[PDB]
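Colleague: Here's a structure for you.
Cβ atoms come from the backbone with ideal geometry, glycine included; neighbour counts cover every protein chain shown. Derivation of every value follows stated rules applied to the coordinates shown; laboratory data play no part.
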Amino acid sequence: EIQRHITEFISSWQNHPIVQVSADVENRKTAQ
Amino acid sequence: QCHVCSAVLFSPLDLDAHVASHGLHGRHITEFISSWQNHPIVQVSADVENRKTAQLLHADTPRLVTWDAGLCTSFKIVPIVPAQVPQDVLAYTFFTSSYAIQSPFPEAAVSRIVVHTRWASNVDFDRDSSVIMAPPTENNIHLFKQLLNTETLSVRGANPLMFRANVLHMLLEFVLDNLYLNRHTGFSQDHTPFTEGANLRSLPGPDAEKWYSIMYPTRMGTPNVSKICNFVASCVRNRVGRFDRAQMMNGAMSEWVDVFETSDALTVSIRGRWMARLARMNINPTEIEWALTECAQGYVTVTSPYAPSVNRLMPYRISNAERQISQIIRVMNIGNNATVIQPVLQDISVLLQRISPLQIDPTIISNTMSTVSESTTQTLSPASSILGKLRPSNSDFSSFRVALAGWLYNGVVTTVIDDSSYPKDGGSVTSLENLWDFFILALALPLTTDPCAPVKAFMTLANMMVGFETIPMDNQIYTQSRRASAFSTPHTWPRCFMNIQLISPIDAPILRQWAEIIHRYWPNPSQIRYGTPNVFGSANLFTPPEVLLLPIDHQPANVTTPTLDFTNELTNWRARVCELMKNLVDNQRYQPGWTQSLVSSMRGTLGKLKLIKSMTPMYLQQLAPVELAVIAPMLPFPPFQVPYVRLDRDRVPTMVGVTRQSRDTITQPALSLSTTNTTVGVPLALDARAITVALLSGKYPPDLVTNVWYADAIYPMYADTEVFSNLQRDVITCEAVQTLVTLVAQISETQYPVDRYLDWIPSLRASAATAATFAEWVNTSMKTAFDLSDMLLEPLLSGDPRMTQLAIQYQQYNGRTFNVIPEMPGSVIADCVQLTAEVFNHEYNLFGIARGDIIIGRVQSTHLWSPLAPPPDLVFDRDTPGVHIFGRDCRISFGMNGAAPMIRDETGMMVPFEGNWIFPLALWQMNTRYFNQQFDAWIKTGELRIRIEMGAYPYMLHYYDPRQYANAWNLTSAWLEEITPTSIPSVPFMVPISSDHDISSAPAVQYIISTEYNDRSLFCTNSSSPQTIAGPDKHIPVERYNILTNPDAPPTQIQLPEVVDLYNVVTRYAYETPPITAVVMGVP
Amino acid sequence: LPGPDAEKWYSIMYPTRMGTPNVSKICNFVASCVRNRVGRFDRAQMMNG
Amino acid sequence: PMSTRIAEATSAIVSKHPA
Ligand SMILES: [Zn+2]
C-alpha cells in the first residue's frame, strides 16, 4: 500500500474547508 | 476463484485450501470478506514469530481440541528381574522364511505394573503434566517431595502431614492429562493363522510392525507351555482389531471406528466424558449468522454458507452461569487497582471516538461569541469572559468520551466532576466569573454517573447565594455555606432539597425555582437491548440478560430532526439553565458593585448560549445508544452495571461486595476490597470544561448516510472480534473454580459436602496459609495444560481460599440488599478427579502406596512368605490380647541396679521392653534420637516387636535370592535412623525371588513387614515357565482381561469401581475444525 | 518474633510443645498438661487481604 | 517471609546424636 498511501494523502489534502470565517469579523462589520 | 464467498484466489492449490473453510473437500482463525469493497480481513494467532498482512488475536485463548494417536492407556508393565529360560519352540516357518515369536508381556522373573502417563503416544501439543513412576526397586520419594515439604530437615523424605495434598495433586495431574480426543489413523488387514482376516490398527511412523504384539495378546499363538501360552489358550478369538465402523465417510476411510486394543477403563472413561463435554458446545454456522445479525442492531446482514456434514465441531456454546462466574472473577481482579481499569476506559474512549460520525468542531462558538466584545471599558465583557473559560481549542475531548464510556461500567468506577471545576472559595453571585463557572458546571453535570449529582447541582448555587437568600437546614453544623464537593454520599442529602415546599418563595425566589427545575427536568434513565441472549450468553449481573441501563432517554434515530427540539432532554436542560441564569441577572438584586448596566450584554449572551446550534444533544440521544449496543458485546470486560436512579433517595447503591463463603454458614466477615470505597466504586475525575465545550459544539459531516457510515464502521471491528475466544476461556475459568472448591474441602475443615473418598491417607487440618499454597500449585497446574499466561483463580488467593461458592451483592440506601448467586452447572474435571479418587481407593498399590501399618520385629526363618502378604501368625492389632497401646506420654525410666528399664503405658502402667506393642507414628517423630538409642538393641536381639500405626506409606523393594544369606538389619536400622520430625524416607522391604526349579533353603532375617494385603502391583511371576515351584506364585490376572475370558459379557462392560481392566472398546475419531467465515453485506 | 534469632524463642514461649521422653521433672510436668492451649485461638478478620 | 518463619519453627526443636 506504499503507492496507495499517496492516493490517500492527496484525497485527504483535497477536502479543505471552503469557508474560513473562524477569525473575528467585527472589524469588518464596522466598515460594512 | 471461489463462487461461495466471492473471494478472488490465485493458485488452484489456494482454491482447494479456500474451499476447506467452507467444508468442500479438495493457519487461520476467522476469514471475513466484505460485500461492497475488496478487502478480506483474516485473524491469526498472536504467538507467531512472523505475522504478515493479517490481524492478531490478543486474547488468551485456551487449547481445547487436541488430538492423540497411539495407545489410549496409562499403565505399562515393566520387568523387574530378567531371566531367560530354555525354550522348546523357537520360530515359525512359512516355507523357508522364519518369523520370530513376539510376546505381548515381558518374559521375566517378576513383572509389575507401574504408572507412566501415556508412555506411547503421538500428540501435537502435550499438556506438560506427567505422572511418571520409576519401577519399585528405585526410589519413589520425589513424587511426594513436591508441594509443601520445601524446607525439610531431610531432603530424601516426605512430610507425613502432606500425603493427602501430594496425592490429590497427583490425581489432578492424572486427570488434567489424558484430556485428548484420540485420532482415527488407518488400518491394515492381517492373514496370520492366529488372527485371520481382522483389520488391525497401525500407528503412524516409520514402522507399524513394532506395536502389534504390544497391542494384541491374542495374536501370538500357543506354540509352547508357559504362563502366557496357557492364557491365550483360555482367551477368545473373534475380538481383535476393528469392531464397528461408521456408515458415512469421505474418500474411503470412515468417520469413527470402534477398535479393540490395549487400553484401560480409567483413561478411556475420562476421554469419553471429555468428548461428551466438548460435543455439548457444538454450534451451527446458521446460529453464527443469527448471532452476528442480531448483535449488529441492524446496519449489516452477515451470512455464512456451508456444505452439509456432521463431523465438524465448533465448541462455542456456554451457559449464562458459566459466563457470570467469570464476570465475578473479572470484577475480583481489580481490588481498588486503578491501573487495571485505565487502559480499558482509555481504549474504549479511542474506539468510540473513531467510530462516531460526530466531529467536535471548534468554530460554532467562535462564529457566535467573538472574543473582541468589550461591552464596558473597565474590564472584560461577559462574551469575552466566557470564552476565556470555555477555551474552544482543539486539544482533546477525552473528558467527554471517557464520560460516555463510563456508562457501561457502573459498579466498578464512578464518574464525577473534578474538584477545582467548582467556583473557587465558595463563589459569590456578585462576581462575573463565578456565574459562568456555575453555568459550565451545571451544564456539564448530567452526564456523570455520580448518583448525587443533582444535590451537587443544587448546592453549588445554594453555596454561591450565601448572603442574599436563606434556606432552612437540619444540623446547625452542616449549614448552607458547605462546599458542594462534599455532598458525595446519599446520607448528606438535605431535607430542604428533598421536600421543596420547605423552601419559602419569599426568602428564596430563585433557589425555589432551581430546586423545582432540578426535580422536574433532570434527565430520565432508560434501557436498550444488545447482543444475543440464547447464543453468546449474557454476563449481566443484577439486570435482565438483554438490557443496557443508560442515564439518558433515547428515541429512534433520524438525521432530519430540528436542532432546537425542546422535546429533547439535554436541549431542554440547556434552555432551562440559560433561562434561570437570565432570571438571576435580570433584576440586579444580587450584584451591587456593577457600576454599569451589564444586564443587556449578559441577557444577550445567555440568549446566544441558549440558541446555539449543536448536534451533540441529538447524538447522545439517538446515535450513541446504538453505538454502545454495537460495541458492548465485543469487549474483553463485558459491562457490569448497577441500576441508575433519578432522585429516589430510598434506593441509591452505596456498596458492592463479593462473598466467597456459603449461605448456611457463619464464618468471619471477610468483606472484599471493593466495599472500602466512599462511593460505589473507584473514583474518576472529569473536567467540566471539555464536557461543556463538547455539548455546545458538535456537528455531522454534510454527506451523512447512516447505512453507509455504520455499515462501514461495524465491519473491521467485527472482523477483529474476540467474543469466541472469551467464550472458550470462560469454560476453563468456571471449571477451575469448582475444581478448587472440590479439592480444598478434602484437606480442610469446610461444611461443604462432596463425597469424601480418601481419608485413610493421613494429613492435617490445613489453615489458610497452607491451603493457599496448595491452591497456587493447583492454579499453575490448571494453567500449564490449557496454555494460559493470564489470570485464572488468582483473585481467589488473596487470603482464605477455603471457600464454597462465589456470590456478588450490593445494597441500597435503606438497607435492602440484592444477592445474585449463579447456580453451579455440571463440572467435568472435578468429578473426573472424584472418579479417579474412587478408583485409587481400590488400587492404592499401583501408585506406590500401601494401606495399614508396619510391624518391626525379627522374623528369622526359612519360609518364602513374601512380606507384602503376611500370614495371620505375625500380625496383631488393638484387639489382640496382651498388647500394650501407647499414648502420647511415653516416658522411659531407667532401671536401677540390674532392673529392666520401663516405658509408660497409656493406662498409667510401666511395662518392660518386651512383647507386642503399638505406636502411633507421631511418637517416633517426636523423639527420634532418644528412641533408637533405647530400642535398637532390643529389636535386633531381644523379643521386642513394635506396631507403628501410620495409615499410608510409600515403599521401595530389594530382591534377594533365597539360596544365600540375607539380613534386613542394615536396611531397617538405616530406615529408623533417618526418620526426622518432619519427614519419612520410603519404607524399605525385601521380598524373595521366584524360580521354576527347586532351590536350596538358606536362612534369612526380616524385620519390616506389612500387615494387610499389598502384593497387588505384581503382575505375574515367572512368566515363561510352566509353573512356579518355589516362591510367591501369580498367574496372569484373569480379572483384568474380562472381555477375553468371560464368554457372556458385552464389550462395553467395565468393572471400573473395583478393578480397572486393561483391554476394552475405544472409539477413534476424525473430526474437522474449520475456521469462522462470514460474508458481511450492507443494507440499503 | 522479630529480631536476630526467633529460633531460640520458640522453646521459651511454648513449654507444652516439647516432646516428653523422660521422667525428668520437666517432662513429669509437661506430660500432665492440656494439649489444645497453644498459639492463636481467637481472631477478628474483618476484611479479606 | 513465610518460608523462613516455618523453617525456624521446625528447626527450633530438633535432636542430635550422643557424644
Ligand atoms: Zn470461499
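Colleague: Is it true that B:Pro79 is outside any loop (DSSP other than H, G, I, E, B), more than 14 Å from the ligand (Cβ to nearest atom) and not aliphatic (A, V, I, L, M)? Spell out how you get there, then give the answer.
Modeller: Values: outside any loop (DSSP other than H, G, I, E, B): yes; more than 14 Å from the ligand (Cβ to nearest atom): yes; not aliphatic (A, V, I, L, M): yes.
Considered against the rule, which asks whether it is outside any loop (DSSP other than H, G, I, E, B), more than 14 Å from the ligand (Cβ to nearest atom) and not aliphatic (A, V, I, L, M), B:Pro79 comes out as yes.
Colleague: Select from the stretch B:765-788 the residues that are within 14 Å of chain C (Cβ to nearest Cβ) and surrounded by fewer than 17 Cβ atoms within 10 Å (Cβ to Cβ) and list them in ascending order.
Modeller: If the condition is that a residue be within 14 Å of chain C (Cβ to nearest Cβ) and surrounded by fewer than 17 Cβ atoms within 10 Å (Cβ to Cβ), then B:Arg765, B:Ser767, B:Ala768, B:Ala769 are the ones that fit.
Colleague: Could we say that B:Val19 is surrounded by 14 or more Cβ atoms within 10 Å (Cβ to Cβ) and either within 16 Å of the ligand (Cβ to nearest atom) or within 14 Å of another protein chain (Cβ to nearest Cβ) (or both) here? Lay out the reasoning, then the answer.
Modeller: Details: surrounded by 14 or more Cβ atoms within 10 Å (Cβ to Cβ): yes; either within 16 Å of the ligand (Cβ to nearest atom) or within 14 Å of another protein chain (Cβ to nearest Cβ) (or both): yes.
Taking the combined requirement at face value, the residue satisfies it.
Colleague: Right, here's the next one. Which pairs do you get when a residue that is over 17 Å from B:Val19 (Cα atoms), found in the stretch B:308-320, comes within reach of a residue that is acidic (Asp, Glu) and crowded, with 19+ Cβ neighbours inside 10 Å, reach meaning Cβ atoms under 6 angstrom, with the pair 6+ apart or on two chains?
Modeller: B:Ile318/B:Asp730
Colleague: Can you tell me which of B:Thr1021, B:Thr1052, B:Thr1073 is surrounded by 14 or more Cβ atoms within 10 Å (Cβ to Cβ) and polar (S, T, N, Q)? First the steps, then the outcome.
Modeller: Details: B:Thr1052 fails: surrounded by 14 or more Cβ atoms within 10 Å (Cβ to Cβ); B:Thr1073 fails: surrounded by 14 or more Cβ atoms within 10 Å (Cβ to Cβ).
Checking each option against the conditions leaves just B:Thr1021.
Colleague: Would you point out which residue out of B:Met803, B:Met791 is within 14 Å of chain C (Cβ to nearest Cβ) and either within 30 Å of B:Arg317 (Cβ to Cβ) or buried (at least 20 other Cβ atoms within 10 Å of the Cβ) (or both)? Walk me through how you get there before you give the answer.
Modeller: Numbers: B:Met791 fails: within 14 Å of chain C (Cβ to nearest Cβ).
When all the criteria are applied, what remains is B:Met803.
Colleague: So, one more: Going by what's in this entry, would B:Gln87 be described as away from the ligand (no atom under 16 Å from the Cβ), over 33 Å from the mean Cα position of the chain (by Cα), within 14 Å of chain A (Cβ to nearest Cβ) and surrounded by fewer than 16 Cβ atoms within 10 Å (Cβ to Cβ)? If you could, list the steps in order and put the result at the bottom.
Modeller: Numbers: away from the ligand (no atom under 16 Å from the Cβ): yes; over 33 Å from the mean Cα position of the chain (by Cα): yes; within 14 Å of chain A (Cβ to nearest Cβ): no; surrounded by fewer than 16 Cβ atoms within 10 Å (Cβ to Cβ): yes.
The answer is no for B:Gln87.
Colleague: Let me ask you something else. State all residues of the stretch B:371-392 that are within 60 Å of the chain's Cα centre (by Cα), part of a loop (DSSP other than H, G, I, E, B) and within 11 Å of chain A (Cβ to nearest Cβ); if no residue qualifies, say none.
Modeller: B:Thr371, B:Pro392
Colleague: Consider B:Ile41 against the criteria (1) in contact with a helix residue (DSSP H, G or I) (Cβ under 8 Å, 6 or more places away or on another chain); (2) within 16 Å of the ligand (Cβ to nearest atom); (3) over 24 Å from B:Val723 (Cβ atoms): it satisfies all of them except one. Which criterion is unmet?
Modeller: (3)
This table checks each residue for (1) in contact with an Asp or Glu (Cβ under 8 Å, 6 or more places away or on another chain); (2) over 28 Å from B:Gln1027 (Cα atoms); (3) among the acidic types (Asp, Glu); (4) surrounded by 21 or more Cβ atoms within 10 Å (Cβ to Cβ).
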| site | (1), (2), (3), (4) |
| --- | --- |
| B:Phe187 | no, yes, no, no |
| B:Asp190 | yes, yes, yes, no |
| B:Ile214 | no, no, no, no |
| B:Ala233 | no, no, no, no |
| B:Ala246 | yes, yes, no, no |
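Colleague: Which pairs have Cβ atoms under 6 Å, sit 6 or more apart or on different chains, and link a residue in the stretch B:8-20 that is under 20 Å from B:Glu1072 (Cβ atoms) to one that is surrounded by 10 or more Cβ atoms within 10 Å (Cβ to Cβ)?
Modeller: Cβ pairs passing all conditions: B:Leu15/B:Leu9; B:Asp16/B:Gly26; B:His18/B:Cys2; B:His18/B:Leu9; B:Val19/B:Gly26.
Colleague: Going through B:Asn178, B:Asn182 one at a time, which residue ends up being more than 14 Å from chain D (Cβ to nearest Cβ), buried (at least 20 other Cβ atoms within 10 Å of the Cβ) and part of a strand (DSSP E or B)?
Modeller: Working: B:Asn178 fails: part of a strand (DSSP E or B).
The conditions single out B:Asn182.
Colleague: Something else: Identify, by number, the condition in (1) in contact with a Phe, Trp or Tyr (Cβ under 8 Å, 6 or more places away or on another chain); (2) closer than 30 Å to B:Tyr409 by Cα; (3) in a helix (DSSP H, G or I) that B:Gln622 doesn't meet.
Modeller: (1)
Colleague: Taking the stretch B:1040-1084 as the search range and keeping residues that are within 16 Å of the ligand (Cβ to nearest atom) and either among the β-branched types (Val, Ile, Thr) or part of a helix (DSSP H, G or I) (or both), which one is nearest to B:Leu278 (Cα to Cα)? Walk me through how you get there before you give the answer.
Modeller: Keep residues of the stretch B:1040-1084 that are within 16 Å of the ligand (Cβ to nearest atom), which gives B:1072, B:1074-1081.
Going one step further and asking which of them are either among the β-branched types (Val, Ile, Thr) or part of a helix (DSSP H, G or I) (or both), we end up with B:1076-1077, B:1079-1080.
Values: B:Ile1076: 18, B:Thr1077: 21, B:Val1079: 27, B:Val1080: 29 Å.
Checking each candidate, the answer is B:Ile1076.
Colleague: What number of residues within the stretch C:27-43 are touching a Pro at 6+ places or on another chain (Cβ under 9 Å) and either in a loop (DSSP other than H, G, I, E, B) or more than 10 Å from chain B (Cβ to nearest Cβ) (or both)?
Modeller: Going residue by residue through the stretch C:27-43, those that are touching a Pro at 6+ places or on another chain (Cβ under 9 Å) are C:27, C:29-30, C:33.
Add one more test, that the residue is either in a loop (DSSP other than H, G, I, E, B) or more than 10 Å from chain B (Cβ to nearest Cβ) (or both), and what stays is C:29, C:33.
Counting residues in the stretch C:27-43 that are touching a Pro at 6+ places or on another chain (Cβ under 9 Å) and either in a loop (DSSP other than H, G, I, E, B) or more than 10 Å from chain B (Cβ to nearest Cβ) (or both) gives 2.
Colleague: Shifting gears a bit: Just to be sure before I move on: is B:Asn50 within 14 Å of chain A (Cβ to nearest Cβ) and either more than 16 Å from the ligand (Cβ to nearest atom) or over 30 Å from B:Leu788 (Cβ atoms) (or both) in the structure I sent? So that I can check it myself, show each step before the final result.
Modeller: Values: within 14 Å of chain A (Cβ to nearest Cβ): no; either more than 16 Å from the ligand (Cβ to nearest atom) or over 30 Å from B:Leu788 (Cβ atoms) (or both): yes.
Against the criterion (within 14 Å of chain A (Cβ to nearest Cβ) and either more than 16 Å from the ligand (Cβ to nearest atom) or over 30 Å from B:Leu788 (Cβ atoms) (or both)), B:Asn50 does not qualify.
Colleague: Which residue pairs have Cβ atoms closer than 6 Å, lie 6 or more positions apart in sequence or on different chains, and pair a first residue in the stretch B:507-524 that is in a helix (DSSP H, G or I) with a second residue that is exposed (fewer than 15 other Cβ atoms within 10 Å of the Cβ)?
Modeller: B:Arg512/B:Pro505
Colleague: On to the next question. Out of all the residues in the stretch B:904-935, which are among the β-branched types (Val, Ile, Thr) and facing chain C (nearest Cβ under 10 Å)? Steps first, please.
Modeller: As a first pass, look at the stretch B:904-935 and keep what is among the β-branched types (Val, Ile, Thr): B:907, B:911, B:918, B:928.
Result: B:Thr928, single match.
Colleague: How many residues are more than 14 Å from every other protein chain (Cβ to nearest Cβ), in a loop (DSSP other than H, G, I, E, B) and loosely packed, with under 14 Cβ neighbours inside 10 Å when one looks only at the stretch B:649-693?
Modeller: Pass one, the stretch B:649-693, residues more than 14 Å from every other protein chain (Cβ to nearest Cβ): B:649-654, B:656, B:662-665, B:678-693.
Those left that are additionally in a loop (DSSP other than H, G, I, E, B): B:649-654, B:662-665, B:678-681, B:687.
Now restrict to residues that are loosely packed, with under 14 Cβ neighbours inside 10 Å: B:650, B:663-665, B:678.
Total meeting the criteria: 5.
Colleague: Consider the stretch B:328-369. How many of its residues are buried (at least 16 other Cβ atoms within 10 Å of the Cβ) and of a type in the set (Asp, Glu)?
Modeller: 1
Colleague: Moving on. Just one of (1) farther than 20 Å from D:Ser15 by Cβ; (2) surrounded by fewer than 19 Cβ atoms within 10 Å (Cβ to Cβ); (3) of a type outside the set (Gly, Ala, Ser) trips up B:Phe913, so point out which.
Modeller: (2)
Colleague: Quick one: B:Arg354 ticks every box in (1) more than 16 Å from B:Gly698 (Cα to Cα); (2) of a type in the set (D, E, K, R); (3) under 36 Å from the mean Cα position of the chain (by Cα) bar one, so which box is it?
Modeller: Single failed check for B:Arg354: (1).
Colleague: Turning to a different aspect of this structure: Might you let me know whether the stretch B:999-1010 holds any residue that is of a type in the set (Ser, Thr, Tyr), out of contact with any helix residue (DSSP H, G or I) (no Cβ under 8 Å at 6 or more places or on another chain) and within 30 Å of B:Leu944 (Cβ to Cβ)? Give the steps one after another, and end with the answer.
Modeller: Of the residues in the stretch B:999-1010, the ones of a type in the set (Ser, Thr, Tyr) are B:1000-1001, B:1007, B:1010.
This time we only want the ones that are out of contact with any helix residue (DSSP H, G or I) (no Cβ under 8 Å at 6 or more places or on another chain), so: B:1000-1001, B:1010.
Imposing the further condition that a residue be within 30 Å of B:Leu944 (Cβ to Cβ) reduces the set to B:1001, B:1010.
Yes, that holds for at least one residue.
Colleague: Now a separate question. Run down B:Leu24, B:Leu57, B:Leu9, B:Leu13 and say which single residue is more than 14 Å from every other protein chain (Cβ to nearest Cβ) and more than 16 Å from the ligand (Cβ to nearest atom). Even if it seems obvious, please write down each step before you answer.
Modeller: Numbers: B:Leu24 fails: more than 16 Å from the ligand (Cβ to nearest atom); B:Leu9 fails: more than 16 Å from the ligand (Cβ to nearest atom); B:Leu13 fails: more than 16 Å from the ligand (Cβ to nearest atom).
Just one listed residue meets the conditions, B:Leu57.
Colleague: Of the residues that sit in the stretch B:27-38 and are under 12 Å from B:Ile1076 (Cα atoms) and within 14 Å of the ligand (Cβ to nearest atom), which one is surrounded by the most Cβ atoms within 10 Å (Cβ to Cβ)?
Modeller: B:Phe32
Colleague: Evaluate the stretch B:141-160: report whether one residue or more is more than 14 Å from every other protein chain (Cβ to nearest Cβ), within 27 Å of the chain's Cα centre (by Cα) and either within 25 Å of B:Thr1067 (Cβ to Cβ) or among the β-branched types (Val, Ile, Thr) (or both).
Modeller: Checked the stretch B:141-160: no residue is more than 14 Å from every other protein chain (Cβ to nearest Cβ), within 27 Å of the chain's Cα centre (by Cα) and either within 25 Å of B:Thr1067 (Cβ to Cβ) or among the β-branched types (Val, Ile, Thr) (or both).
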